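Take a look at the letters that make up each chain.
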Amino acid sequence: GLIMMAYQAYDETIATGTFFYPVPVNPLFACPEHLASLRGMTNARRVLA
Amino acid sequence: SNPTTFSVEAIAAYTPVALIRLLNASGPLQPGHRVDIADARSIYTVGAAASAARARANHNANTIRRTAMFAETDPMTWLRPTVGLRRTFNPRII
Amino acid sequence: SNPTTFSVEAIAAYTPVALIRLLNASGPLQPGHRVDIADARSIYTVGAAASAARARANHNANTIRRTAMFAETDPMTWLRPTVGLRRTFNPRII
Amino acid sequence: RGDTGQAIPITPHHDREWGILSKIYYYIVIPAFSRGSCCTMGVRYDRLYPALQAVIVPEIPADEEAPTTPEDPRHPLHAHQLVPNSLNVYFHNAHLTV
Amino acid sequence: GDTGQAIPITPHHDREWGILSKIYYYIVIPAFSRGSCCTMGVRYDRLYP
């Protein structure tokens, strides 16, 4: 797979639905900013927990 | 083109307006005559922009079709990428 | 090549896939028609691999054949082991 | 250095050094003078393993050299091979050659 | 997407847009300008031509 630091998603050069996907995984890193995955639903997972 | 016949401003004027690099607006006027005015202003720019987009016409022997820049499907996507441009090169054909 | 006859995608498609300069995948598609689909992707595979494996032919008029990459026997090795290249030389045969 | 057979046999690959120092920045270097940016995922393997094409240039020109400096039109990383579909206009968002 | 007419509006960027924009405009700008910068609206009818 891969690892990655911080990039650009509000968004104007790169895709979705071909070659990437979340993971939060193997514990000693702290990543606040992958806010951008998988749509059609509520408001649930960024301002409830 | 004919007949409207040519923008003298006046308030006729005519929508295209198929000139370029016009040293005509200033130029003399001199000044605008006794009419109402309001658009005028709109009918001016709406044609001026076209008279530069059409004024390109050529320079397309030097371009370069545009691309998606951005993109979306792209009816295949399923065996072949879809991404586009940011336009930081130069198009010039020499 | 003939007849299969030409990959239009469609889901025929054909195994090689012996073109260069394919403005074809896209191109229009437009889109893929009413067929089941799945492979496709792999018949696309073994053929697109041929699509430049065969398309080499030339660019051996500039090369630069390979090396042993590395060395071990190397059927003699008794007075003569080797090392395979790393060749920063800028290879063109000129 | 291999030749055919059926199963070529058990003993250590590389073995017991390269195991504790390289994978020894896993404990050692990055997310805290960082304050933590490196973010890891596994893959599924298709936009590099089934789709990465397009085939258009002429040869590197016939039978000479290859220096560096960047200017004007004839080329692959030139849009004479760059609108979108290959690897090339794809490629230069930034400032460089091939 | 299609701009269209029946398609409703969606945010261009996720919520972190709001947080970052607010922090910037309300801390970094006043910290540098020190109450000299002024906010104004434009005259498009006098600009576009």
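For the structure, check the block above.
Let me sum up the structure you'll find in this document.

With respect to the overall build of chain E
Looking only at helices and strands, chain E has two helices and zero strands in total. Counting every position in chain E, which comprises 49 residues, the buried fraction comes to 2%. By element, 61% of the accessible surface of chain E is carried by carbon and sulfur atoms, the whole surface being about 5,100 Å². Taken as two groups, the 5 positive and 4 negative side-chain charges of chain E have centres that lie 15 Å from each other.

Things to note about empty space enclosed by the protein
By volume, the largest cavity amounts to about 110 Å³. Among the residues making up the lining of the largest cavity, the classes are represented as 12 nonpolar, one polar and one charged. A volume near 90 Å³ is recorded for the second largest cavity. Forming the boundary of the second largest cavity are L79 of chain B together with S7, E9, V17, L19, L22, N24, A25 and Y44 of chain C. Of the residues that constitute the lining of the second largest cavity, the class distribution is six nonpolar, two polar and one charged.

Quick word on the interface of chain A and chain D
Interface size is commonly expressed as the accessible surface area that is lost when the partners come together. Listed as interface residues are 19 residues of chain A and, on the opposing side, 14 residues of chain D. Interface of chain A and chain D: buried area, both sides summed, is about 1,700 Å²; carbon and sulfur atoms make up 60% of it. Joining chain A to chain D, the criterion identifies zero salt bridges. The interface formed by chain A and chain D contains seven residue pairs in polar contact. Of the residues contributing to the side of chain A that touches chain D, the split by class is 15 nonpolar, four polar and no charged. Strand direction decides the pairing type here: strand β1 (residues 2–4) of chain A and strand β1 (residues 39–41) of chain D, joined by three bridges, are antiparallel. Following the sheet pairing, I3 of chain A is matched in β1 of chain D by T40 of chain D.

Quick notes on the arrangement of the chains
Ranking the seven pairs of chains in contact by contact count places chains A and D at the top. The smallest C-alpha distance separating chain D from chain E is 17 Å, and no contact links them.

A word on the interface of chain B and chain C
Listed per partner, the contact involves six residues of chain B and nine residues of chain C. The class makeup of the residues in the side of chain B that touches chain C is four nonpolar, no polar and two charged.

Considerations on the pattern of salt bridges
Under the definition given, this model contains three salt bridges over all chains. With a closest N to O distance of 1.9 Å, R80 of chain C and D74 of chain C form a salt bridge. Note on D74 of chain C: relative accessible area 12%, which makes it buried. Here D14 of chain E and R15 of chain E are joined by a salt bridge, their closest N and O atoms 3.7 Å apart. The class of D14 of chain E is partly exposed, set by a relative accessible area of 27%. Residue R15 of chain E is classed as partly exposed on the basis of its relative accessible area, which comes to 41%.

Overview of the nonpolar core
Ranked by size, the top nonpolar core spans eight residues in total: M76 and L79 of chain B, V17, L22, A25, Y44 and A48 of chain C together with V55 of chain D. Not counting the four nearest positions on each side in its chain, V55 of chain D is found in contact with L19, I20, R21 and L22 of chain C.

Structural notes on the relation of the copies chain B and chain C
Rotating chain B by 59° and moving it 1.4 Å along the rotation axis overlays it on chain C with an RMSD of 1.2 Å. A rotation of that kind, with that shift, is consistent with a six-fold axis. Within chain B, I94 of chain B has its C-alpha nearest the rotation axis, a separation of 26 Å.

So, the state of the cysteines
By the definition in use, this model includes one disulfide over all chains. Paired through a disulfide, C31 of chain A and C39 of chain D show a sulfur-sulfur distance of 2.0 Å. Taken together, the residues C31 of chain A in the loop between β1 and α1 (44–47) and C39 of chain D in strand β1 connect one chain to another. In this structure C39 of chain D comes out as buried when scored by relative accessible area, which is 7%. Here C38 of chain D stays free of any disulfide, with the sulfur of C39 of chain D as its closest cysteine sulfur at 8.4 Å. Under the relative-accessibility criterion, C38 of chain D is labelled buried at 5%. Counting only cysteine sulfurs, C38 of chain E is the nearest neighbor of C37 of chain E, a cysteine outside any disulfide, at a range of 7.8 Å. Residue class for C37 of chain E comes out partly exposed when judged on its relative accessible area of 48%.

Analysis parameters
- For each chain, numbering begins from 1 and proceeds through the sequence as written. The entry may number the same residues differently, and residues missing coordinates are not shown.
- Whichever chain is written first becomes A and whichever ligand is written first becomes 1, with later ones labelled in order.
- As shown, the structure covers only some chains of a larger assembly, and all values describe those chains.
- Remark: hydrogens and water are excluded; side-chain values derive from all non-hydrogen atoms of the structure.
- Residues with missing side-chain atoms are left out of burial classes, side-chain pairs and their counts.
- Secondary structure follows DSSP: runs of H or I at least 4 residues long count as helices, runs of E at least 2 residues long count as strands, and numbering of each begins at the N terminus.
- Exposure categories follow from relative accessible area, calculated using a 1.4 Å probe and restricted to protein chains: below 20% of the type maximum is buried, above 50% is exposed, and the middle band is partly exposed.
- With residues, only the protein chains shown are counted as cover, and all accessible areas are computed by Shrake-Rupley using a 1.4 Å probe.
- We count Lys and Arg on the positive side and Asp and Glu on the negative side, and we leave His and both chain ends out.
- Taken as the charge centre is NZ of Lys, CZ of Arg, CG of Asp or CD of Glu, depending on the residue.
- Any residue with an atom within 4 Å of a point lines the site, the site being either a cavity, points on a 1 Å grid over the protein atoms alone where a 1.4 Å probe fits but cannot get out, or a pocket, an open set with protein on both sides within 12 Å along at least 5 of 7 lines.
- Grid points are joined across faces, edges and corners, and a volume is the space filled by probe spheres set on the points.
- Amino acids are sorted into nonpolar (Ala, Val, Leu, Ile, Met, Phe, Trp, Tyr, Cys and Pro), charged (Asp, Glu, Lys and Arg) and polar (every other residue, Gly among them).
- The contact rule is simple, with two residues in contact once any of their heavy atoms fall within 4.5 Å.
- Each of two parts loses accessible area, computed with a 1.4 Å probe, when they are put together; buried area is these two losses added.
- For this document, the term salt bridge refers to a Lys or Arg side-chain nitrogen within 4 Å of an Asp or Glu carboxyl oxygen.
- Side-chain atoms alone can form a polar contact between residues adjacent in sequence; in general such a contact is a pair of N or O atoms within 3.5 Å, and within protein one must be able to donate a hydrogen while the other accepts it.
- Note on pairing: DSSP must find at least two bridges between two strands before they are called paired.
- Nine residue types can take part in a nonpolar core, namely buried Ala, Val, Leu, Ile, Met, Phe, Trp, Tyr and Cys, and a core is a set of them joined through side-chain atoms within 4.5 Å.
- The copies are each rotated and translated onto one another by least squares, with the C-alpha atoms as the fitted set.
- Only a pair of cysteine sulfur atoms within 2.5 Å qualifies as a disulfide here.

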